[PDB]
Number of protein chains: 2
Amino acid sequence: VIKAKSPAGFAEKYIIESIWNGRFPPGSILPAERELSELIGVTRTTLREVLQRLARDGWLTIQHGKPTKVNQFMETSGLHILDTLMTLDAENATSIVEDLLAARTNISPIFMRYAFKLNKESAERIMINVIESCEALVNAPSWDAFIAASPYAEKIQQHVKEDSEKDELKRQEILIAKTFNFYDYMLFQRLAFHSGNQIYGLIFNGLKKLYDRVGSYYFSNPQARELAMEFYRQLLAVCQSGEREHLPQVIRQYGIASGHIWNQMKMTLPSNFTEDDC
Amino acid sequence: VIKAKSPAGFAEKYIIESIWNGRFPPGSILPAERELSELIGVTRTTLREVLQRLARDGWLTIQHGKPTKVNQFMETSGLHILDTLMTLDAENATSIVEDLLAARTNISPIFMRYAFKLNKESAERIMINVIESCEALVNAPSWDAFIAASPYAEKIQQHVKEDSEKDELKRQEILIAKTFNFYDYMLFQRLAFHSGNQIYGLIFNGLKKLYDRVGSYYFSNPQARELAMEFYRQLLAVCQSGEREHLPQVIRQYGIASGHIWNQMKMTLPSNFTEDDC
């Protein structure tokens with residue numbers, strides 16, 4: 001089945017599904033636009049935008065003279081493909097998440113060291129905002145109360161809402177988890193950009209969909225939120241104290257502890273964990 | 001100036017230029033499509049297509065009820081934005097290049113350590129093929145013949161061509177540089193995937209356009225080619241010996257030496273270095 005908002009969105013995912021399942025095999029030549037159009041039910045003009053998008057994302061190679069070929073994806077596609085591949089094959093969801101976790105754990109000590117050195121004041125401001133926001137989030141009587149008071153209300157609400165789930169307990173569990181994830185992403189992504197190297201931040205930007213998907217389930221666990229809040233305080237203390245040597249230690253231990261939690265949580269993945277919400 | 005093949009393509013870059021030059025400032029609100037159409041002279045139908053492209057790539061935020069916002073730079077965009085910025089901000093091209101070099105130097109000891117341990121034989125084969133290919137490349141008399149004999153012929157020629165340059169000597173120099181870059185990307189990207197964590201490989205995939213732009217100029221320097229081949233031989237020996245402590249030393253020293261080469265090459269950037277090669 002395909003989930004999409006527009007016929008163009010549909011056409012894009014239809015082609016991706018067909019590349020993935022061997023219908024339009026990697027290494028093969030994509031059928032002519034005229035034929036492809038009638039096959040997929042999208043006009044030539046709609047098809048053209050879709051093919052350009054697929055080329056940009058690395059699914060296809062489009063070159064002027066030559067006919068359009070289907071790429072060995074993963075050889076050319078960027079970071080965005082992981083969240084897509086998770087939906088296409090949910091059985092590989094756990095290996096994909098673990099790549100994310102392991103990558104964050106391995107690269108964090110690099111960009112955070114740069115951030116604390118080159119942008120100390122901004123790094124601490126970020127961490128303080130993250131810690132206190134998270135503390136205010138879980139100590140509020142309702143997510144709705146936190147949001148009415150939080151300066152981050154508009155940005156949070158841009159992507160975090162729950163208007164379907166009517167059981168208020170479950171609704172609260174979802175909204176808290178997603179808002180906590182919002183600040184967890186903020187902490188990692190902003191410290192990445194504050195390293196002075198734009199590449200570290202752009203990595204998180206490309207991974208954000210997968211990041212949000214993972215964090216929204218991960219931070220439904222109260223123990224995970226608490227462990228994270230303790231971790232944030234440790235990062236802050238390392239920056240303020242200048243005890244530079246504590247940084248790899250703190251990060252490594254968090255990778256281990258958060259890992260064990262995930263290792264328990266992954267056995268009860270929601271059936272809709274790999275769904276695709278856009 | 002803008003180079004493009006289609007009206008959608010031109011309009012896309014025209015608007016991007018206009019965001020960049022303050023006409024449509026980051027953080028500001030983009031005029032309604034009705035006004036935007038007549039203001040810049042692009043049809044409603046082409047404009048609608050263009051705005052979606054810009055949304056997908058992170059230039060704009062599009063929401064149903066609310067008006068279209070111009071994003072703060074680097075707020076959502078992935079790794080792809082760097083090569084685009086090389087054209088848009090040619091004066092700061094070197095800071096982007098320096099980010100690339102530093103990012104590669106810092107994460108290499110991570111993914112190469114994993115690769116040498118978990119996929120040792122395959123990693124050595126990657127490295128051996130790159131070393132031998134590069135040695136044969138720089139020692140060949142005729143590129144067209146070298147490629148005709150090379151098993152990587154089709155992949156190389158897919159993106160490496162020079163059908164404009166009529167001076168055969170200059171042509172050879174361009175092709176040697178681009179082809180050496182081809183094997184350099186191969187070494188880093190393939191070893192990245194051999195880490196067992198797809199994220200490291202995917203980082204290179206997203207940076208590939210920027211990588212190729214830099215390398216095609218960087219490896220026009222014979223000293224850069226020689227330094228790289230020695231570095232490749234050092235990596236191979238480390239993998240073979242299993243002396244894990246030597247790997248960070250080799251990579252760190254290479255980062256410094258290649259950095260100094262770049263530190264000079266950046267002072268003599270070719271006029272077409274930041275050119276839009278669409």
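Side chains are part of it too, since the values below use all heavy atoms of this structure and drop only hydrogens, waters and symmetry mates. Within every chain, numbering begins at 1; the chains are lettered A, B, ... in the order of the sequence lines, protein sequences first and strands thereafter.
The neighbour count for B:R104 CZ, taken as heavy atoms of other residues, nucleotides or ligands under 6.0 Å away, is above 12. Heavy-atom neighbours of B:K3 NZ from other residues, nucleotides or ligands within 6.0 Å: above the threshold of 12. Counting heavy atoms of neighbouring residues, nucleotides and ligands inside a 6.0 Å radius, atom CZ of B:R125 does not exceed 12 of them. Within a 6.0 Å radius of NZ in B:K161, no more than 12 heavy atoms belonging to other residues, nucleotides or ligands are found. Within 6.0 Å of the CZ atom in B:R244, the count of heavy atoms belonging to other residues, nucleotides or ligands does not exceed 12. Atom NE2 of B:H159 is surrounded by more than 12 heavy atoms from other residues, nucleotides or ligands within 6.0 Å.
For B:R53, the parts lying under 4.5 angstrom from a heavy atom of chain A are both the backbone and the side chain. Heavy atoms closer than 4.5 Å to chain A are found nowhere in B:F111, neither backbone nor side chain. Both the backbone and the side chain of A:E75 have a heavy atom closer than 4.5 Å to some heavy atom of chain B. With a threshold of 4.5 angstrom between heavy atoms, A:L79 approaches chain B through its backbone and through its side chain. At a 4.5 Å heavy-atom cutoff, the contact between A:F193 and chain B is made by side-chain atoms alone. Contacts between B:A103 and chain A at a heavy-atom distance below 4.5 Å involve backbone atoms as well as side-chain atoms.
A distance of 9.5 Å separates NZ in B:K209 from CZ in A:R56, rounded to the nearest 0.5 Å. Taking CD of B:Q158 as the start and CG of A:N71 as the end, the distance is 7.0 Å to the nearest 0.5 Å. The line from NE2 of A:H80 to CG of B:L202 is 8.5 Å long, rounded to the nearest 0.5 Å. The CG atom of B:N205 sits 9.0 Å away from atom CD1 of A:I81, with the distance rounded to the nearest 0.5 Å.
With a 4.5 Å cut-off on side-chain heavy atoms, A:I199 and B:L207 count as touching.
Heavy-atom proximity under 4.5 angstrom to chain B picks out A:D99, A:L100, A:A102 from residues 95-102 of chain A.
Of the listed residues (B:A8, B:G78, B:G201, B:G206), the one with the most heavy-atom contacts under 4.5 Å to chain A is B:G78. Looking only at heavy-atom pairs under 4.5 Å with chain A, the residue among B:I107, B:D57, B:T61 that has the most is B:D57.
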* Taking it one step at a time, do B:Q52 and A:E49 satisfy side chain to side chain contact (heavy atoms under 4.5 Å, CB included)? -> CA-CA 9 Å; B:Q52 290 298 322; A:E49 290 304 297; over 6 Å; no
* **Working for side chain to side chain contact (heavy atoms under 4.5 Å, CB included), residues B:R113 and A:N106** => CA-CA 12 Å; B:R113 177 181 73 249; A:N106 287 127; 4.3 Å; yes
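Within the 3.5 Å criterion, the main-chain N or O of A:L82 finds no donor-acceptor partner in the side chain of B:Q198.
The heavy-atom pair separating B:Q157 from A:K66 by the smallest distance is O-NZ, 4.4 Å.
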